[PDB]
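Colleague: Shown below is the structure under consideration.
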Amino acid sequence: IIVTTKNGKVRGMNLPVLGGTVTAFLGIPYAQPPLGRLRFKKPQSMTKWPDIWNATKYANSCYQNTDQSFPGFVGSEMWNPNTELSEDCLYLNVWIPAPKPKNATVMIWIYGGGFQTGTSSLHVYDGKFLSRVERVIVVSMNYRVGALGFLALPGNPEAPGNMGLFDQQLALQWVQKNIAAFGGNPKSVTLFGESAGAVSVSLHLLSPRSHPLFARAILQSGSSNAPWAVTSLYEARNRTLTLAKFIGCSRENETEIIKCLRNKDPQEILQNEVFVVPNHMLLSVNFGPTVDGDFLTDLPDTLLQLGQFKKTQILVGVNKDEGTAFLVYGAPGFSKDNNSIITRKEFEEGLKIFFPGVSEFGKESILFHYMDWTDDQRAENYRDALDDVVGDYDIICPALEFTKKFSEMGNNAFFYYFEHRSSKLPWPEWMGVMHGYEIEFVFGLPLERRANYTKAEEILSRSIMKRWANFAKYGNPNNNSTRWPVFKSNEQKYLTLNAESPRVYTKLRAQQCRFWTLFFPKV
Ligand SMILES: *[C@@H]1O[C@H](CO[C@@H]2O[C@@H](C)[C@@H](O)[C@@H](O)[C@@H]2O)[C@@H](O[C@@H]2O[C@H](CO)[C@@H](O[C@@H]3O[C@H](CO)[C@@H](O)[C@H](O[C@H]4O[C@H](CO)[C@@H](O)[C@H](O)[C@@H]4O)[C@@H]3O)[C@H](O)[C@H]2NC(C)=O)[C@H](O)[C@H]1NC(C)=O
Ligand SMILES: *[C@@H]1O[C@H](CO[C@@H]2O[C@@H](C)[C@@H](O)[C@@H](O)[C@@H]2O)[C@@H](O)[C@H](O)[C@H]1NC(C)=O
Ligand SMILES: *[C@@H]1O[C@H](CO)[C@@H](O)[C@H](O)[C@H]1NC(C)=O
Ligand SMILES: *[C@@H]1O[C@H](CO)[C@@H](O)[C@H](O)[C@H]1NC(C)=O
Ligand SMILES: *[C@@H]1O[C@H](CO)[C@@H](O)[C@H](O)[C@H]1NC(C)=O
């Protein structure tokens, strides 16, 4: 099962997948480990090995703080790393169908986690079913997160910033130089990711040196024009100097502030990593993408206006209840153990968490347009509205504006609206169709009948996998099934995804997105 790469031979394995076989290569090194003097630096090219590399096991996950908000709760711990943590984490995984193809489409997955957490070895990112059913090749890599991946000093090569984004770009280059040996076409590469991974995919669309590294893009619950996606260059410097203060590496020679951090323990860096931002949450990307002038030369909104992006097809979409997962981690009155009926005082305190710098009249504008504009006097009125406030502002409306921008320029786009709640979802009912729970349907986990999903969930997962692979192969997700129309700038049609009957509507959340883009900036 041995495949020869440009750096050496790799040894894989055969997996029983749905009455067939999928060949897996887990842990192929694609970059020199960023240890010692290489910490905070851009990734270096991988060295050559003369032997056989046993890529038969998930490699290490990058250092990251783990979620401990709900101890022993499977709904939150399923996202925590499931391999040993280590700075030596730059590895990728490949899934090849059986029998071996000759020019298969390659889909490369980029995980999320607010640019502070995440690994490619999670069970919900297992790409064996996708390669088995749709006969594509699936690739996924680990990239540095947190300060170890996004510590930024402007123009300083010791810590230039966006290093985790360069980790992804180097893994993309590995697929160009090597995927033909495994049976994949380097000209049919589609990037797909969720949340911060969707921000990463949409940042490769705005980085010219990544354009020749892929063909198409899929954005799941995220886009680089979201308010939490990118910080300014001076903002990232403020946060590096803040981390140095807490950890005790504050110097007036900047280039030697990095030599001090390079001698701190990674666990020590993670502990002071949280004090950098005024309030640590999921959307408080303390060390994430910045306008570094190298990987990213301008704010994503500016680049979209100037048409400075890869002209190609994109497949974007969001989930029905995007904000609930974020409210349970910070907003007062929200709990996973009760229905979270919040009061008006708790609503206004939730706005203060997710809108830290806006005035009291600005909060009164959000409150009027989401509550007092309608007669909704139900007991869940404030709870559901705060879900829509965070969902529209941070995920849904930015993703719709990104899709609109690709459409104005004349590129074909396809927008979805995921509406299905997993029967195995461990979170309570009030959270609904949560952020991050379309991924198991994209990766075909309900196809294992021993996983005890409903029969309709296996059908829905096969439908979503089919549309995802069709878009990667032919640039169009579409036959006698319900046709998925092209998102045009004028009509703005989208397709809902659910286990009953997919439907086509127009102008998703139009009234709310018009408030965030046309009126709220003026208050
Ligand atoms: C849904 O659940 C949330 C979360 O509550 C916590 O989890 C639940 C699963 C359950 O175990 C709860 O007991 C647990 O607290 C609820 O929101 C919390 O509500 C409590 C009160 O019910 C708040 O704590 C109080 O806050 C005040 C200011 O600090 C203060 O008055 C209280 O202290 C005083 O009272 C206690 C007696 O409770 C006494 O021991 C003290 O000495 C003092 O006198 C108390 O600390 C939490 O802050 C709330 N959490 C938030 C806002 O995040 C929520 O009410 C619940 N909703 C429904 C509809 O059931
Ligand atoms: C690499 O693996 C060789 C063969 O191991 C067998 O096949 C692989 C695919 C796995 O299924 C494994 O569990 C099997 O035992 C070993 O002979 C060889 O020693 C390994 N190389 C190193 C460096 O450990
Ligand atoms: C694979 O497809 C590309 C175009 O997409 C073509 O140039 C190439 O010759 C094909 N076959 C291979 C690499 O065997
Ligand atoms: C970061 O910015 C704040 C905003 O005013 C400023 O007060 C603070 O001194 C800065 N921190 C630094 C430069 O470490
Ligand atoms: C699934 O449901 C069946 C119902 O008979 C049960 O036997 C089984 O233990 C459940 N769980 C799994 C993981 O198969």
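Every chain in the structure tokens takes a letter, A first, then B, and so on in the order presented; its residues are numbered from 1, and the ligands are numbered from 1 following the presented order.
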Would you mind listing the residues within 6 Å of ligand 3, counting only C-alpha atoms and all ligand atoms, as a PyMOL selection string?
Modeller: chain A and resi 102-103+185+187
Colleague: Name each residue within 12 Å of ligand 2, counting only C-alpha atoms and all ligand atoms, as an MDAnalysis selection string.
Modeller: chainID A and resid 1:2 9:15 23:26 49:57
Colleague: Can I get the selected residues back with C-alpha atoms, as an mmCIF file, in the first residue's frame?
Modeller:
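What ended up in part_19.cif:
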data_model
loop_
_atom_site.group_PDB
_atom_site.id
_atom_site.type_symbol
_atom_site.label_atom_id
_atom_site.label_comp_id
_atom_site.auth_asym_id
_atom_site.auth_seq_id
_atom_site.Cartn_x
_atom_site.Cartn_y
_atom_site.Cartn_z
ATOM 1 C CA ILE A 1 0.000 0.000 0.000
ATOM 2 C CA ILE A 2 3.122 2.137 -0.238
ATOM 3 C CA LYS A 9 7.666 6.745 0.859
ATOM 4 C CA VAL A 10 4.580 6.667 3.083
ATOM 5 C CA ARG A 11 2.734 3.599 4.369
ATOM 6 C CA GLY A 12 -1.057 3.640 4.642
ATOM 7 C CA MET A 13 -3.817 1.196 5.583
ATOM 8 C CA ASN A 14 -7.099 -0.262 4.351
ATOM 9 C CA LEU A 15 -10.305 0.536 6.223
ATOM 10 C CA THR A 23 -7.260 3.591 1.841
ATOM 11 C CA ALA A 24 -6.087 6.011 4.540
ATOM 12 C CA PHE A 25 -2.781 7.818 5.093
ATOM 13 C CA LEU A 26 -2.890 9.455 8.538
ATOM 14 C CA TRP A 49 13.474 10.778 4.880
ATOM 15 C CA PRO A 50 15.169 7.662 3.451
ATOM 16 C CA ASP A 51 12.890 5.061 5.055
ATOM 17 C CA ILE A 52 9.143 4.292 5.054
ATOM 18 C CA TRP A 53 6.930 6.660 7.053
ATOM 19 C CA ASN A 54 4.146 4.745 8.824
ATOM 20 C CA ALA A 55 1.173 7.050 8.232
ATOM 21 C CA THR A 56 -1.096 4.615 10.068
ATOM 22 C CA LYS A 57 -2.226 6.816 12.974
#
Colleague: CA of residue 194 (chain A) and CA of residue 458 (chain A) are how many Å apart?
Modeller: 20.9 Å
Colleague: With only C-alpha atoms as the basis for distance, which of A:241, A:265, A:176, A:83 is at the shortest distance from residue 39 (chain A)?
Modeller: A:265
Colleague: Any idea what's packed within 7 Å of residue 407 (chain A), counting only C-alpha atoms, ignoring anything in its chain fewer than 4 positions away? Could you give it as a PDB file with N, CA, C and O atoms, in the first residue's frame?
Modeller:
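That gives us part-v6.pdb:
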ATOM      1  N   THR A 403     -21.317  36.269  -0.373  1.00  0.00           N
ATOM      2  CA  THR A 403     -21.875  35.608  -1.548  1.00  0.00           C
ATOM      3  C   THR A 403     -22.365  36.629  -2.564  1.00  0.00           C
ATOM      4  O   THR A 403     -22.160  36.464  -3.773  1.00  0.00           O
ATOM      5  N   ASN A 411     -19.459  35.585 -10.836  1.00  0.00           N
ATOM      6  CA  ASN A 411     -19.150  34.201 -10.506  1.00  0.00           C
ATOM      7  C   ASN A 411     -20.397  33.502  -9.986  1.00  0.00           C
ATOM      8  O   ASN A 411     -21.208  34.100  -9.276  1.00  0.00           O
ATOM      9  N   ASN A 412     -20.547  32.232 -10.350  1.00  0.00           N
ATOM     10  CA  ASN A 412     -21.689  31.448  -9.902  1.00  0.00           C
ATOM     11  C   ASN A 412     -21.517  31.053  -8.441  1.00  0.00           C
ATOM     12  O   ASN A 412     -20.452  30.578  -8.037  1.00  0.00           O
ATOM     13  N   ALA A 413     -22.570  31.248  -7.651  1.00  0.00           N
ATOM     14  CA  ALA A 413     -22.565  30.889  -6.242  1.00  0.00           C
ATOM     15  C   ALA A 413     -23.831  30.113  -5.911  1.00  0.00           C
ATOM     16  O   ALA A 413     -24.839  30.199  -6.616  1.00  0.00           O
ATOM     17  N   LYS A 488     -28.103  34.573  -7.664  1.00  0.00           N
ATOM     18  CA  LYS A 488     -27.878  35.787  -8.433  1.00  0.00           C
ATOM     19  C   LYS A 488     -28.013  36.997  -7.518  1.00  0.00           C
ATOM     20  O   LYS A 488     -28.711  36.952  -6.503  1.00  0.00           O
ATOM     21  N   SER A 489     -27.334  38.086  -7.888  1.00  0.00           N
ATOM     22  CA  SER A 489     -27.377  39.291  -7.064  1.00  0.00           C
ATOM     23  C   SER A 489     -28.785  39.858  -6.971  1.00  0.00           C
ATOM     24  O   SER A 489     -29.144  40.469  -5.958  1.00  0.00           O
TER      25      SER A 489
END
